[PDB]
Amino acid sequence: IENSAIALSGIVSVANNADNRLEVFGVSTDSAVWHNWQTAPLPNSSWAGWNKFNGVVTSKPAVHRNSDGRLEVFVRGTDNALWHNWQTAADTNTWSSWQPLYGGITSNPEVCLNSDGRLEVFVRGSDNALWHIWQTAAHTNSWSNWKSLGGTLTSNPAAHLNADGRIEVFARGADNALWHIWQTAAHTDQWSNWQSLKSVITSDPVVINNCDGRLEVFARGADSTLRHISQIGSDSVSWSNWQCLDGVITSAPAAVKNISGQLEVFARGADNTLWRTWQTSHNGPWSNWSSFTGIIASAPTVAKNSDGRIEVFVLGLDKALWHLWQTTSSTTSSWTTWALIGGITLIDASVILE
């Protein structure tokens, strides 16, 4: 692979509803967003069926739960501006129409919740810089003007809250290295300069928080293996060295923290099946990758159920959405085999960044 490659992304965005039911969002062959959901937060739950939002879209959709429980989806439109829609009541299938947030968008949108309850969206803009826009009041349809954070992006952005409430954004730069920028006071429009974490990544970065409040970042490297880095913590503003893990992966990775507090990472492997690795102990070494039966056609998208059970979604060879999950909450739970969520097929609507 080339240093400037971006690994295959996930095919849906997933969220937990206010009642913790999983709900997924993808783009079908009509270039419209469709969604589907569990009807109950139970291990046996049926799924409602695929329901369409009217409107042609031009990016992967991004979803986040508002601080009042209402889901809200962000997507690029036919006019290359940002659009969004939302549940008008938590846990209810009453949605707004797509509504305009304007701007000129050249990446998939990335949405984060500030620690004061206000949603905030990050995109690459028409000048390849990072731009953002936010709710000016928690869970309200009052949005700011667009504002630039500068930089030159060559990946989609990835945003995450630090334990102290400061949003931090990660993105690949013009030199194919991982760069990052952050709020310097929680949920305030006060930002750092861009700083480089070095190395070379060949996927979007993926970021998760450890129990102990340290951010950890995962990405595919130049040699096509998983690599990761973490904050040193203790009021330090330093990071660890990079480590790679053996095993060639062929999609973006997806990270999750299990209910035991340990990290797990999923990715499509060299044989195009789903691979999983997990920390064997607190901060510990990582297990050899383990494989699930079945060839997959997207990166995994990983979520957790109301009872902590991990669930994974992927594009199948039939171009439909499949999922599998842990049967019980235990960290040693067995897993199901891939099952179909049928009724539509999906396309990869991700913005082509080059």
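Residue positions are given as counts along the sequence shown, with the first one as 1. Note that the rigid core is defined as the largest set of C-alphas that superpose within 1.5 Å between two forms.
Between stretches 229 to 237 and 138 to 146, the one whose Cα atoms sit farther from the displayed model in 5 other deposited structures of this protein on average is 229 to 237 (core-aligned, root mean square).
For the two regions 36 to 44 and 56 to 64, the entry's Cα B-factors average higher over 36 to 44.
Of the two segments, 322 to 330 and 307 to 315, the one listed with the higher mean B-factor is 322 to 330 (C-alpha atoms only). Ranking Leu149, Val169, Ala270, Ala219 by the C-alpha B-factor listed in the PDB entry places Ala270 at the top. When the C-alpha B factors of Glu72, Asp116, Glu120, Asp189 are read from the deposited coordinates, the top value falls at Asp189. When all modelled residues of the chain are sorted by CA temperature factor, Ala129 is found within the highest third. Among the modelled residues of its chain, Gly26 has a C-alpha B-factor that falls in the lowest third, as given in the PDB entry. Annotation for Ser251: CA B-factor lies in the lowest third of the chain's modelled residues.
Per-chain ranking of the deposited C-alpha B factor places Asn16 in the lowest third.
In this PDB entry, the Cα temperature factor of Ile295 sits in the top third of its chain's modelled residues, the highest group.
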